[PDB]
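S.K.: Take this structure first; my questions come after.
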Amino acid sequence: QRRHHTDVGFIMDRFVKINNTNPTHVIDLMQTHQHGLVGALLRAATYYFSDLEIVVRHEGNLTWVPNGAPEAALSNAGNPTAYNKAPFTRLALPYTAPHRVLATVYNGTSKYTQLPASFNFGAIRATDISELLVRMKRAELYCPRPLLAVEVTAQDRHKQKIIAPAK
Amino acid sequence: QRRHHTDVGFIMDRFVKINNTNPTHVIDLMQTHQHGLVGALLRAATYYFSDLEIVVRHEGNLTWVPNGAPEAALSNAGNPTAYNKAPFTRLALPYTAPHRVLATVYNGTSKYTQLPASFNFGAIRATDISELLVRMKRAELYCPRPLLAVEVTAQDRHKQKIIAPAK
Amino acid sequence: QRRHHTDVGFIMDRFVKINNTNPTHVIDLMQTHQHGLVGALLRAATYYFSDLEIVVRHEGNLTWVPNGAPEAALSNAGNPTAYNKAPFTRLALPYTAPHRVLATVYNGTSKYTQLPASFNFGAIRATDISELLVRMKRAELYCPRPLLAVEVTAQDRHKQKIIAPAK
Amino acid sequence: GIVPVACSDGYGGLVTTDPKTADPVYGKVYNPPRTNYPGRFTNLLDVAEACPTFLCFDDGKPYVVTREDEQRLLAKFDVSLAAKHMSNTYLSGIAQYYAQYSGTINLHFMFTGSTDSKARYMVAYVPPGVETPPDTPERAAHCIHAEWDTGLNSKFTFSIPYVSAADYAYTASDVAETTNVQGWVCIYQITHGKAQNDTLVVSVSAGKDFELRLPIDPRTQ
Amino acid sequence: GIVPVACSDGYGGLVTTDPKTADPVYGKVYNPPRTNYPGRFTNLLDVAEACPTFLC
Amino acid sequence: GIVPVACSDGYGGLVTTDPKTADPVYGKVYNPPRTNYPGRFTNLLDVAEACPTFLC
Amino acid sequence: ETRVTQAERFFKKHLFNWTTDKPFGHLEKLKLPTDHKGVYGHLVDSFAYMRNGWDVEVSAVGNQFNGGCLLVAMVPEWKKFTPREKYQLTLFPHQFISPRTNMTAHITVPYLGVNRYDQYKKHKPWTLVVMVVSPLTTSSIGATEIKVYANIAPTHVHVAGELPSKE
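Residue numbers (this note's numbering), protein chains in the order written: chain P, 1433 to 1599; chain W, 1433 to 1599; chain Y, 1433 to 1599; chain G, 593 to 813; chain Z, 717 to 772; chain L, 717 to 772; chain V, 2 to 168.
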């Protein structure tokens, strides 16, 4: 057998769209759709570490402040500012969280269902952002969790149409 | 003598148009014209192995799901999505059919004149596709079949006019 | 500990905007904002030395005369003149001041609150200049000076809103 | 002069799975060490193999109870990753994102009955041949099958062999292709002693040579 | 600085038989083996020599 | 022929902290020597260590 | 940091009463650490940062004439489960409790989390999970009910930052 296509480092190194995007966006990997390929296989682990490449389609200049930077630091060009080219911009962001690894489920809070605010990869700001793609590089997953398949109501199985070249 | 031009890996290594294109197309090497160069030299073999390179002129983003993926998997960007550039999109696809080699003639059926629906290279989808070219890389052909020349009705030979520099 | 991010040759190696730009601009590093990252760390030294790389957004040709050249020498093409490309112009300037190092504060004058006029990297002239960025290469600092943080009026601490991925 | 280059046509577009990297924007960032962090898995099939998970029988329970009827068929279910009885399985969860599979699938049985009750069982696999599974407990002895009795060791493992035409098989059972797609496994109760409500729990794990091939994102988003 | 390049004129067009390969879209796919598959021919003239056919 | 290249999408933009250098416009400029210039500091945390400061 | 040896001791606990009317999926949890009335409670309230694992032992008192099965597992970063993923709780470190074969389980886990040290007054990484796999069945000669017990102890406790008294 050749078991390379189930590799965690190989299955996560693809671009996944993040649906909810705002003029000021805090890059959180938990915002991916829970039923996607990368989204679900990310939920199927408790802890994860990864770098992150972002492809952002924006108007105006894009500023990325790392984790822990104040919100007001997004208005300055000292932080890495990308001047927009024609189609979009393609950067490589590093791991900037204080913790050694991040988490997908948290049991409790962090202030003396809602993950702590320190679970993010930074923030990005521009005049507006139409689309945003995040790519996890050298990913690693820890503490596997239940991964659910689609349910069957009353049929014998799941009855899906496979692509066919029939004329 | 030097038979480098009659090689089976050389003559099949060229782009060929596939006349029938749809918004959602299932790439089948049997959809090539039967009388073309590569089309006829492909019908002149029973089983064929090849990779594939496609040149697609489309509008919008082009998604390619491998063989066996459901039709509903073409509406998600997790599958390889190519963003449209100016002239067209030139990709290289792998061989994804479960069978060891494909076939051009099937003697019978496969469900408990029409080849099995599993004989394809995947599917591609966009808003529309204007043209689609396919190129066979490292092609291998097995079990030669009759190859037919053009018939001549009543004249002694087939009289075709050669390009001439005559002024 | 990994003290790479407080290196003086690393923190000062980034593009910083210079607000006051004119059709004829004399490149003075002291024109940087005092509270900027690069600006404040430059104020936190007495002397410095640096090469320079400039990103200039201009209309028409940009001419750069080195330090010590007359002002009327900016109207000729014998000096390095850049023909404007589409987005902007990015050059590399050497160190042209006669002194061994520059300074950020001067005690007195230099003619038989205002640094000597020789404290510049040259001048640039074009039909107009909309933005100018400068970058210190191989920068070095000397004789550290007081560096201030923001003050607190009546709170226990400075309360600045950190970026949060909260939904 | 300088190097002349040819701006090729059709190349350079963004593919959401290209093998090329991006330009770094924040260099020399060293992350806190995560050496010897507990519980790291680098393959989804390693965790699939290591952790068998329960099946879902009728009414939604992971065990098959003994029946006090003439029917000696305790239960039967499809052998595929998209059946009802595998719908709550981690292996089914992994396989739903892949187009083709190949390899063995093990089944693990556990007896949870009282000690003072003894019983004998037989498990059978039927490849896609005969038009109806051998319901009778004798007709099924001609298939690939195994038997195990109950005692101190209440755990028994049975491996479903991979038999099909193609080298790889679809994990996404087709709308077409009615009738038995590939296979069924049926559990037979050879005998039972004072077992009216004694149960038997069935769990399924990926085999040693199981393998999934083509990643896809087939769920609706 | 960086590498200066000259975007030559007349090059870069698609020719349906150019010898350059495309950028892979789905990497590291291992196909089922087809070792010693019966009846494989690498040259059309080899099968032209091998099997004579009738005249009309 | 010549070497083909692919004009990648999304790259090439200017980020204010990219690690690539620019093309020189004035070659062979040799600066006045600054050997053994007093009080050179190469790390901010070094001068943070060596120079304690008062509280308020 | 220092390691304490007096806090690593057993602590009996009552989980629930295993009856016959509880069907499959009856889930009982016990987040760790619980209310420790011994040295560990003083450690929690008199030190801020601590890290430790847990060795959980679980015993059900009954007899061989009863049937049923209990799955005992230690879920990191516990979260409520809908009945669908209750079939997948074998993914976490686990053992089975069934009166036919075994009588006592034994699970050991390390310390794990996003922070190198945790304050368990806020975060509870590990969690005891016990469920009925098969319902308890009894006859005229079997026990009508079974009481299960917890047996737990912190392992490899490491602490830093001692806190003052409260008197």
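Quick reminder that beta carbons are idealized off the backbone N, C-alpha and C, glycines included.
(1) With DSSP collapsed to three states, give me the class of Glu-1503(Y).
(2) Does the beta-carbon of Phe-770(L) have 16 or more other beta-carbons within 10 angstroms, so that it is buried, or is it exposed?
(3) Please report how far the alpha carbon of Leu-33(V) lies from the alpha carbon of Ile-108(V), in whole angstroms.
(4) Is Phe-633(G) close to chain P, meaning its C-beta is less than 9 angstroms from at least one C-beta of that chain?
(5) Kindly indicate the opening and closing residues of the beta strand (DSSP E) around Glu-662(G).
(6) Identify, in the order they occur along the chain, each residue of the same chain with its Cβ nearer than 8 angstroms to the Cβ of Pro-155(V), setting aside the five sequence neighbours on each side.
(7) Taking C-beta pairs closer than 8 angstroms, name the residues in chain V that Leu-744(G) reaches, listed in chain order.
(8) Considering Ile-1443(W), what are the terminal residues of the alpha helix (DSSP H) in which it resides?
(9) Use the C-beta contact count for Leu-792(G): other C-beta atoms within 10 angstroms, 16 or more gives buried, fewer gives exposed.
(10) Is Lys-81(V) helix, strand or coil by DSSP?
(11) My assumption, with CB atoms under 8 angstroms, is that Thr-1478(Y) sits in contact with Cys-1575(Y). Please give the rounded CB distance.
(12) Among the candidates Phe-1520(W), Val-1533(W), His-1437(W), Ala-1571(W), whose CA atom is the shortest distance from the CA of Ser-1562(W)?
(13) In whole angstroms, what is the alpha-carbon distance linking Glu-1485(P) and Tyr-618(G)?
(14) Please tell me whether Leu-665(G) has its Cβ less than 9 angstroms away from any Cβ of chain Z.
(15) Could you tell me which residues DSSP puts in a beta bridge with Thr-128(V)?
(16) Please tell me whether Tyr-1544(P) has its Cβ less than 9 angstroms away from any Cβ of chain Y.
(17) From the DSSP output, read off the bridge partner residues of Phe-633(G).
(18) Closer than 8 angstroms by beta-carbon distance: list the chain Z residues that pair up with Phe-1551(W), in chain order.
(19) Excluding the five sequence neighbours on either side, which residues of its own chain have a C-beta within less than 7 angstroms of the C-beta of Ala-787(G), listed in chain order?
(20) Is the number of C-beta pairs between the segment 1590-1599 of chain P and the segment 747-754 of chain Z that are closer than 8 angstroms three or more?
(21) Is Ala-598(G) helix, strand or coil when you go by DSSP?
(22) Does the segment 1499-1515 of chain W touch the segment 1434-1452 of chain Y, meaning 3 or more C-beta pairs lie closer than 8 angstroms?
(23) Counting pairs of Cβ atoms below 8 angstroms between the segment 1554-1571 of chain P and the segment 1495-1505 of chain P, do you hit three or more?
(24) In the structure shown, what three-state DSSP assignment does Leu-792(G) receive?
(25) Pull up the DSSP beta-bridge partners for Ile-153(V), would you.
(26) Find the residues of chain P that neighbour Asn-116(V), judging by a C-beta separation of less than 7 angstroms, and give them in chain order.
(27) Among the residues of its own chain, which have a CB less than 7 angstroms from the CB of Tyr-1538(Y), if the five just before and after it don't count?
(28) For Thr-1456(W), name the three-state secondary structure that DSSP assigns.
(29) With distances taken Cα to Cα, identify the nearest neighbour of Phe-748(G) among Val-597(G), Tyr-713(G), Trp-776(G).
(30) Taking the alpha carbon of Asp-759(G) as the reference point, which residue from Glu-723(G), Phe-802(G), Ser-797(G) has its own alpha carbon closest?
(31) Using 10 angstroms around the beta-carbon of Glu-1583(P), count the other beta-carbons present and answer buried if the total reaches 16, otherwise exposed.
(32) Using a threshold of 9 angstroms, state whether the C-beta atoms of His-1437(P) and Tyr-690(G) are closer than that.
(33) Using only the alpha-carbon positions, how far apart do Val-73(V) and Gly-652(G) sit?
(34) At the level of alpha carbons, what is the spacing between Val-796(G) and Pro-720(L)?
(35) My output table needs one value for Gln-1587(P): the three-state DSSP class, helix, strand or coil.
(36) What's the gap between the Cα of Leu-1473(P) and the Cα of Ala-1571(W)?
M.R.: So, from the listed chains and residues:
(1) Your numbering for residue 1503(Y) matches position 71 in the third sequence. It is helical.
(2) Here the question's residue 770(L) lines up with position 54 in the sixth sequence. Exposed is the call here.
(3) Counted from its first residue, the seventh sequence places residue 33(V) at position 32. Counted from its first residue, the seventh sequence places residue 108(V) at position 107. Answer to the nearest angstrom: the Cα atoms are 14 angstroms apart.
(4) Taking the fourth sequence and counting its residues from 1, one reaches residue 633(G) at position 41. Yes, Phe-633(G) counts as interfacial toward chain P.
(5) Translated into the one-based positions of the fourth sequence, residue 662(G) becomes position 70. Looking at the DSSP string, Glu-662(G) is not in any beta strand (DSSP E), and its letter there is neither H nor E.
(6) On the seventh sequence, position 154 is the one that residue 155(V) refers to. Only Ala-8, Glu-9, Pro-34, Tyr-41, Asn-53, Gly-54, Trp-55 meet the Cβ criterion.
(7) In the fourth sequence, the residue the question calls residue 744(G) occupies position 152. The contacting residues are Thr-102.
(8) As a working mapping, residue 1443(W) is identified with position 11 in the second sequence. Its alpha helix (DSSP H) spans residues 1440-1443.
(9) Counting from 1 along the fourth sequence, the entry for residue 792(G) is found at position 200. The residue is buried, with at least 16 neighbouring Cβ atoms inside 10 Å.
(10) By one-based count along the seventh sequence, residue 81(V) stands at place 80. In this structure, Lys-81(V) counts as coil in the three-state DSSP scheme.
(11) Counting from 1 along the third sequence, the entry for residue 1478(Y) is found at position 46. Counting from 1 along the third sequence, the entry for residue 1575(Y) is found at position 143. That pair is a contact at about 4 angstroms.
(12) By 1-based counting over the second sequence, the position of residue 1562(W) is 130. Among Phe-1520(W), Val-1533(W), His-1437(W), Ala-1571(W), the Cα nearest to that of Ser-1562(W) belongs to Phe-1520(W).
(13) The residue labelled residue 1485(P) in the question sits at position 53 within the first sequence. The residue labelled residue 618(G) in the question sits at position 26 within the fourth sequence. Their Cα atoms are separated by approximately 12 angstroms.
(14) Residue mapping note: residue 665(G) aligns to position 73 of the fourth sequence, counting from 1. Judged by the 9 angstroms Cβ criterion, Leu-665(G) is not in contact with chain Z.
(15) Walking along the seventh sequence from the start, residue 128(V) turns up at place 127. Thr-128(V) pairs with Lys-32(V), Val-76(V).
(16) Taking the first residue of the first sequence as position 1, residue 1544(P) is located at position 112. So, not an interface residue.
(17) Here residue 633(G) is taken as the residue at index 41 of the fourth sequence, counted from 1. According to DSSP, which records beta bridges pairwise, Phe-633(G) is partnered with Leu-1573(P).
(18) Here residue 1551(W) corresponds to residue number 119 of the second sequence, with the count starting at 1. Simply none; closest approach about 15 angstroms.
(19) In the fourth sequence, the residue the question calls residue 787(G) occupies position 195. Result list for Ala-787(G): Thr-658, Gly-705, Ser-709, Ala-711, in chain order.
(20) no
(21) Numbered from its first residue, the fourth sequence carries residue 598(G) at position 6. DSSP places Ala-598(G) in strand when its eight states are reduced to three.
(22) no
(23) yes
(24) By 1-based counting over the fourth sequence, the position of residue 792(G) is 200. Here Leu-792(G) sits in strand by DSSP.
(25) Within the seventh sequence, the letter at position 152 stands for residue 153(V). According to DSSP, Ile-153(V) bridges with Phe-12(V).
(26) Your numbering for residue 116(V) matches position 115 in the seventh sequence. Result: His-1531.
(27) As a position in the third sequence, residue 1538(Y) is number 106, starting the count at 1. Same-chain partners within the cutoff: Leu-1547, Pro-1548.
(28) Translated into positions along the second sequence, residue 1456(W) becomes position 24. Looking at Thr-1456(W) - three-state DSSP - the assignment turns out to be strand.
(29) Locating residue 748(G) in the fourth sequence gives position 156, where the first residue counts as 1. With distances taken between Cα atoms, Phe-748(G) lies closest to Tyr-713(G).
(30) Reading the fourth sequence from its first residue, position 167 is the one you call residue 759(G). Nearest C-alpha to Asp-759(G): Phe-802(G).
(31) In the first sequence, the residue the question calls residue 1583(P) occupies position 151. Exposed: under 16 other Cβ atoms inside 10 Å.
(32) The count along the first sequence starts at 1 and reaches residue 1437(P) at position 5. The count along the fourth sequence starts at 1 and reaches residue 690(G) at position 98. Taking 9 angstroms as the Cβ cut-off, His-1437(P) and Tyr-690(G) qualify as a contacting pair.
(33) Here residue 73(V) is taken as the residue at index 72 of the seventh sequence, counted from 1. Here residue 652(G) is taken as the residue at index 60 of the fourth sequence, counted from 1. If I take the Cα positions, the gap works out to 21 angstroms.
(34) Here residue 796(G) is taken as the residue at index 204 of the fourth sequence, counted from 1. Here residue 720(L) is taken as the residue at index 4 of the sixth sequence, counted from 1. Those two C-alpha atoms are separated by around 52 angstroms.
(35) One-based indexing of the first sequence puts residue 1587(P) at position 155. Note: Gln-1587(P) maps to coil in three-state DSSP.
(36) Walking along the first sequence from the start, residue 1473(P) turns up at place 41. Walking along the second sequence from the start, residue 1571(W) turns up at place 139. Distance between the alpha carbons of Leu-1473(P) and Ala-1571(W): 36 angstroms.
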